[PDB]
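Please read the structure below before turning to the comments.
2 protein chains.
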Amino acid sequence: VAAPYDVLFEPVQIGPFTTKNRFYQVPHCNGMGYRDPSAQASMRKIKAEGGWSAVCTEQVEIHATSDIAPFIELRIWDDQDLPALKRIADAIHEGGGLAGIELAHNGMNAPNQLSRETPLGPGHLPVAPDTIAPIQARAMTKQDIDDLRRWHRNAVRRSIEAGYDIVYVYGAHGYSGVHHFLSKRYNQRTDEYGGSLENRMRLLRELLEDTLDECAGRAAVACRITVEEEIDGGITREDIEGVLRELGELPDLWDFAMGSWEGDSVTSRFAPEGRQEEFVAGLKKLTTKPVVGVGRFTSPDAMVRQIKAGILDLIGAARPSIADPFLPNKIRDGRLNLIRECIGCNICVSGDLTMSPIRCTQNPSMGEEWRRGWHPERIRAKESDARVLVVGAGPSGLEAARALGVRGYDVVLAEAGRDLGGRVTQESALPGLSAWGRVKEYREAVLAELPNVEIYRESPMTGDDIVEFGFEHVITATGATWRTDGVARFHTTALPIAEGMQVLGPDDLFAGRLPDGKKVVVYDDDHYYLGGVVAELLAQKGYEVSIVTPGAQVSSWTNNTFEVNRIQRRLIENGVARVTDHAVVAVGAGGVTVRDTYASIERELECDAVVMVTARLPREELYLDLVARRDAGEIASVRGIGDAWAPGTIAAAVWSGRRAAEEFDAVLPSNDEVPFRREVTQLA
Amino acid sequence: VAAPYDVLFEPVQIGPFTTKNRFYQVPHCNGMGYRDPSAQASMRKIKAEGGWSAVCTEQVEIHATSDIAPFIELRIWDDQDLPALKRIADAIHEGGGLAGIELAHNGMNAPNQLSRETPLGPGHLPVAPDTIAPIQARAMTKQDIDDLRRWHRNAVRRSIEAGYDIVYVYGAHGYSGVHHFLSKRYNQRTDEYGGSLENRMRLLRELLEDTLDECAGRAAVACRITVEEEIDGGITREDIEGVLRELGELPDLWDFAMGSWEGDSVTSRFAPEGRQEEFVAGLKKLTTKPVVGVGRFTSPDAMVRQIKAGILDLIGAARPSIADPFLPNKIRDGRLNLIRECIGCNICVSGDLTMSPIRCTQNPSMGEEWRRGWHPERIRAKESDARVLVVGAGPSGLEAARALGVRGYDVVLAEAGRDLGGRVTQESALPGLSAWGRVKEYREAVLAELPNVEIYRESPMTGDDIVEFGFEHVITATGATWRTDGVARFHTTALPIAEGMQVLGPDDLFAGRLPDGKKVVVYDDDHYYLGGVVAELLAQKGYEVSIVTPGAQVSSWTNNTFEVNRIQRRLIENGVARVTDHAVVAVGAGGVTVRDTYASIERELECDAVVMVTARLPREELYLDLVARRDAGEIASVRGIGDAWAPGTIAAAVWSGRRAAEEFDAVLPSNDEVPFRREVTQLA
Ligand SMILES: Cc1cc2nc3c(=O)[nH]c(=O)nc-3n(C[C@H](O)[C@H](O)[C@H](O)COP(=O)(O)O)c2cc1C
Ligand SMILES: Cc1cc2nc3c(=O)[nH]c(=O)nc-3n(C[C@H](O)[C@H](O)[C@H](O)COP(=O)(O)O)c2cc1C
Ligand SMILES: Nc1ncnc2c1ncn2[C@@H]1O[C@H](COP(=O)(O)OP(=O)(O)O)[C@@H](O)[C@H]1O
Ligand SMILES: Nc1ncnc2c1ncn2[C@@H]1O[C@H](COP(=O)(O)OP(=O)(O)O)[C@@H](O)[C@H]1O
Ligand code: SF4
Ligand code: SF4
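So the protein sequences, as listed, match chains A and B. Here the entry's author numbering is used: the first residue of the first sequence is 7, the next is one more, and so on. Here the entry's author numbering is used: the first residue of the second sequence is 7, the next is one more, and so on.
In structure tokens, the structure reads:
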């Protein structure tokens, strides 16, 4: 490797092992935990062979008192968990990588809703944080602490038996007993485990020493540690420095992380690349040992920076690794222009928070590797001589055309408007969504290296043109329009709209049209990002803006992306009125009628204009026109794709297109069958 | 069987099969879907053994387009699911009952977050109801309806293979495609599946006929249908009546239920027993087939009335059957005083919505039958001649005593107060909570029939007493008190409280004390029921009330028990102000300072009094004392349980009490091991 990037491929000693390079995939969930272990093995194996030197598993509950149901992570309670763990460690090895396992006791943060065990913590407190479950933790005695230590030790043993190279002590994200013992916020103990740094670090020390003694140099010991909590009384700079000074010589590796998962995986919308830096700068100097840090790292020169300036030894990533499993190899090979950069959407997390195998906006193969055999980079050779027309160049069209391109097909990509990108382009122009543009960039950067793909950019297409042009196969990727009649979830049918009121939708704002008068009401019955984003826009542009939502919070689905609090603070700071728990039930000439969701009390709200952000209808005129022409015999295949088939997130659109690409000319089972593989429960 | 109740023990023909009696357990979820098949088997067998003539599984997804993850129900996608379904039906049979299977396709209610397949519905809409997933359902074509019909046919085949006696076409709760086709709220179609009632009923007709053909005298065909949806253009009395005029003679059994699950499983806090009669009356005359219905039926007289008045043929029950699997046998045998009545807490539902095996406040063995060997009625016999002291007659100590009592142990139950029941008594007295006393009545009923248990009211106990009387084995069920320092989740350490202000906790209210002046602030950081119920008590007494809570809704955890909307509604009607998204960060002499949770903005709120509803500290002074004395060789054993151990719900305390009793005198595995049996994933 050369240029300035050779720095990123130096070996690093971690205890008795050596990395091939400085790329480190840190522990991250996957929504396919104790429940889809083959799925995980396949994925982790792909990260390894993509160039990540160490590959970590998500956290792994060491004991049934660490039950965090409904969350589905990995488990190491018993020898019954071994075969699953061993497969993952095996798959990473055979992929060329060192395997990491993040042993975890969630302590006071485990509600134990499934095991029905008592949670254990430093104090008698409601289970916390990131949960409001009606259960309290019991304060641990010395005997309980000794019990915890033994469970941890058993878990480490079993990690050696499974073949892991790196075994963590986990003390990060408010999710660990160890963090709760460290933090003045949860530890108000008065015995030797509380009261002062030396004491609050006691448990940490003990778990470290125990893990070391138990490994006996057959594995390395990592410690993943909270470095900044971002709350009063929480872990600060002073604490982390004291820990490093006393214990810095103890593990084989120090992984640095935020005291909060909200804080750790913040979206691009709310944070730039490498923001963890000024919480971590200065810490390397304190330890003989190597250091990993994160910072949504996508730019290879930012990675170069982190190492030359002595902030980090390993470049850690979670999400960058999900977006592009092959990021290390693309840097290796000089093809930097082909890096699929994380968008920082958070969609990946929402899989975990909805106990689904995590989706990536950028990488449709995430969670398809085992079950459908998809690959982040490769796709089967073309099975035919076909010429395919993809109509519409939004996320779904772009990905169909990219993937069919990569297969070797002769593909013509037709686009109606001046620009490529569809909703990605219209959406990234919105406040705080600039990075989303990257979905379009990667696809263009790869399309450019495909001579077999023709792109035509000011070319609307009708069923007529397609037949006249003689196109035998079409993929119809035409998108969706935003309803203006007020229908989504609260109304399933049009609400009444007086003739005198200006009513716009997102199509109008994307087209550059803006409300006429000063006061605007945005009716948000979508509950994801767009309502809030549109309202941001209007207020920046000088309008007086109210959001009306049937939810108790604006953009309530963002609970699933950890954005919900940030969204609300951001709305309150732009002076936007949050009119939550209300539906718009009438639009009159000079205002709207809102109805409270709980008691149906109605009120008038005066305004000069109304912007509807509710739901969408597919652009399927072309498709239905072509199905008619297929039945008649004038073409051989049409397939609807993306938002024109059934509107969803951008990720779903991207996925939708890759699916069409992988399925083109495939001989398929009838749809009676499950279109993927799955593991099922082992009967006793 | 005694002469009033003998009618409930008459055989009822259900296609090819005959019930032993009229007790029918309707479909209900359990949080052990495809994940824990054996647990469910043990639970369904016990129900059959309890005298329930038909026992049904929860809804079974028939296809991967019907994926309702994160909810974890059963599946029948294909043959890999058969071993698991076959075990459930064999268990019911071994139990002596008929096995039902609720085959269901969720259509547009299926967000498909795990399958990533396109949801299917009568039109292009966002997935609904009760989900805000960013995904829309595709409008089915005739070809999609033929596909669906075929998938349902396949599932019926497989149901018969697995050995089920009754097979449902499911059209209820707004959770199936059948209901969305049937309801004008979701069906706006103009082809043969919409417009007239004849048309919207057509899918149902078609699935009914197909299911009957496929069955062919091998299984009975049940139809579970929405009789009232409780919303504007939804299904109503004229709709179901017409369905019955035309279709009444098709299925073998009609199962009548509500049009939303909020509507169907209504808490007893919000609805009396038999609430669904205003809705099913008159429908039985329109069909010759047997008819099942639910009403949270716990009163045997109420049951005799349903049958005698021609309302039902079968007494349907979900939650009453969870609270008491052995309810039919108790009535048969004439032991009506031993029935454990549902309290209408919905704590069970909370299992489904948090993807955990369901708990029941009344029945701590629900969820434990397989994994720990518990039984709702049988406890294994005493293993020694021991004499046990149980201090505290709250839920915890009552169930321990009752359980130890049934084993044959000599037991002494000492209680400090005039009353038994502890928090059950104190809390039952609160508005809407009276049914919760049934927790105590049940245990009193069984204790009355146990000469080997002795109960001392008005007997506060101390360390010296106990040792003095020469008790060897003590269970300390002493409870917890509610904190008045402001600590729970938002604060982990005390907030500042001015000397001049009156501050009350729930313990004061239970004791008879009420705030001194007219204006009251309730700080609620408990997030479950008590704050809102406390606020309702005060409004009812003439106080002017404000509830301040960091959640976006008052009682936010009641999202999990389907009361959250009802609760906000009831607070508005009582004129209680909802200061949501706020914490109390200071209590001054004539008001409080509140801090907005998002943007950190503080207002003052003036009041004459503050009632703190936050969290709890255990009353464990006695246990700590006896632990000392145990280590002096003065007693042989002590165990803290219930809220004295770690505060929780009433259900957790009951469970805790039963756990102490099942565990008594047993040889236990080290706590290193998993305290229960458990199934893991089958590696492929
Ligand atoms: C889908 C998702 C799941 C993750 N789960 C965990 C976890 O199980 N263990 C943990 O310590 N960190 C977990 N994290 C945090 C990551 O390890 C990482 O510290 C964080 O995502 C920031 O790094 P990034 O910018 O590379 O994403 C999770 C983050 C992601 C994206
Ligand atoms: C834990 C829980 C799970 C349920 N799940 C389903 C279900 O899978 N399908 C359905 O038909 N009804 C389900 N229900 C509704 C019940 O079948 C029943 O109609 C409702 O609980 C009212 O009857 P009850 O008053 O006897 O509880 C569920 C209810 C509860 C208690
Ligand atoms: N008849 C048509 N011919 C060519 N392109 C079209 C036609 N109708 C729509 N388009 C283009 O299809 C694209 C749809 O993209 P988008 O709205 O992002 O959909 P998706 O989210 O499915 O990718 C838009 O860029 C639009 O300009
Ligand atoms: N020292 C004592 N001796 C006897 N009874 C006690 C003593 N301390 C507390 N109790 C009783 O124990 C009961 C605890 O009930 P409760 O608070 O409902 O706990 P749980 O929910 O665990 O049952 C109360 O009725 C209280 O009077
Ligand atoms: S889903 Fe979004 S935030 Fe997650 S890895 Fe992919 S691009 Fe990054
Ligand atoms: S949890 Fe409550 S409502 Fe449910 S079956 Fe038990 S007592 Fe009944």
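Beta carbons are placed, not taken as given, at the ideal position from N, Cα and C, and that holds for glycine.
CA nearest to the CA of residue i, picked from the options
| i | options | result |
| --- | --- | --- |
| residue 150 of chain B | B:129, B:617, B:73 and B:638 | B:129 |
| residue 543 of chain A | A:526, A:556, A:555 and A:252 | A:526 |
| residue 534 of chain B | A:141, A:63 and A:367 | A:141 |
| residue 39 of chain A | B:82, B:120, B:188 and B:112 | B:120 |
| residue 165 of chain A | A:183, A:585, A:143 and A:89 | A:89 |
Helix, strand or coil at residue i [DSSP, three-state]
| i | result |
| --- | --- |
| residue 86 of chain A | helix |
| residue 132 of chain A | strand |
| residue 230 of chain A | strand |
| residue 503 of chain B | strand |
| residue 508 of chain A | strand |
| residue 533 of chain A | coil |
| residue 514 of chain A | helix |
| residue 657 of chain A | helix |
| residue 11 of chain A | helix |
| residue 380 of chain A | coil |
The beta strand (DSSP E) enclosing residue i, as first and last residue numbers
| i | result |
| --- | --- |
| residue 453 of chain B | No beta strand (DSSP E) contains residue 453 of chain B, which is instead part of the alpha helix (DSSP H) from 444–454. |
| residue 482 of chain A | 479–482 |
| residue 260 of chain A | 259–263 |
| residue 643 of chain B | 643–646 |
| residue 419 of chain A | 416–420 |
Limits of the alpha helix (DSSP H) - the one that residue i falls within
| i | result |
| --- | --- |
| residue 174 of chain A | No alpha helix (DSSP H) holds residue 174 of chain A; the beta strand (DSSP E) holding it covers 172–177. |
| residue 183 of chain B | 183–188 |
| residue 58 of chain A | Careful: residue 58 of chain A lies outside any alpha helix (DSSP H) and carries neither H nor E. |
| residue 143 of chain A | Segment 142–145 is the beta strand (DSSP E) holding residue 143 of chain A; no alpha helix (DSSP H) there. |
| residue 309 of chain B | 306–314 |
| residue 563 of chain A | Taken as a continuous stretch (DSSP letters only), residue 563 of chain A belongs to no alpha helix (DSSP H), as it is neither H nor E. |
| residue 638 of chain A | 627–638 |
| residue 165 of chain B | 148–168 |
| residue 461 of chain B | No alpha helix (DSSP H) contains residue 461 of chain B, which is instead part of the beta strand (DSSP E) from 459–462. |
heavy atom of ligand 8 below 8 Å from residue i C-beta
| i | result |
| --- | --- |
| residue 367 of chain B | The model depicted lacks ligand 8 and carries ligand 1, ligand 2, ligand 3, ligand 4, ligand 5 and ligand 6 instead. |
Review point. What are the residues of the stretch 25–44 of chain B that lie near chain A, defined by any Cβ-Cβ distance shorter than 9 Å?
Key: 37, 40, 41, 42, 43 and 44
Review point. Just checking, does the stretch 439–455 of chain B make contact with the stretch 618–627 of chain B on the three C-beta pairs under 8 Å criterion?
Key: no
Review point. What residues in the stretch 594–606 of chain A have a beta carbon less than 7 Å from any beta carbon of chain B?
Key: Hits within the stretch, in order: 604 and 605.
Practice item. Please list the residues of the stretch 496–508 of chain B that have a C-beta atom closer than 9 Å to any C-beta atom in chain A, keeping them in chain order. Key: 498 and 499
Check your understanding: Within the chosen definition, does the stretch 566–576 of chain A reach the stretch 267–285 of chain A through at least 3 CB pairs nearer than 8 Å?
Key -> yes
Review point. Contact between the stretch 402–412 of chain B and the stretch 472–489 of chain B: three or more CB pairs below 8 Å?
Key: yes
Practice item. Indicate whether the contact test is met: 3 or more Cβ pairs, each with one atom in the stretch 352–372 of chain A and one in the stretch 645–660 of chain A, closer than 8 Å. Key: yes
Exercise for review: Could you tell me whether the stretch 58–69 of chain B touches the stretch 18–37 of chain B, using the rule of 3 or more Cβ pairs below 8 Å?
Suggested key: Segment contact: the stretch 58–69 of chain B against the stretch 18–37 of chain B, three or more CB-CB distances shorter than 8 Å; contact assigned.
Check your understanding: Taking a cut of 9 Å between CB atoms, which residues from the stretch 85–117 of chain B lie near chain A?
Key -> Residues of the stretch 85–117 of chain B whose Cβ lies closer than 9 Å to any Cβ of chain A, in chain order: 86, 87, 89, 90, 93 and 117.
Review point. Counting pairs of Cβ atoms below 8 Å between the stretch 543–560 of chain B and the stretch 631–648 of chain B, do you hit three or more?
Key: no
Check your understanding: According to a CB-to-CB cut-off of less than 8 Å, which residues of the stretch 189–205 of chain A neighbour chain B?
Key -> 191, 192 and 194
Check your understanding: Listed in chain order, which residues of the stretch 558–575 of chain B have Cβ atoms closer than 7 Å to some Cβ of chain A?
Key -> 558, 559, 562, 563, 571, 574 and 575
Review point. Does the stretch 197–204 of chain A come within contact of the stretch 287–303 of chain A, defined as at least 3 CB pairs closer than 8 Å?
Key: no
Check your understanding: With a cut-off of 8 Å, do at least 3 Cβ pairs link the stretch 466–484 of chain A to the stretch 629–645 of chain A?
Key -> yes
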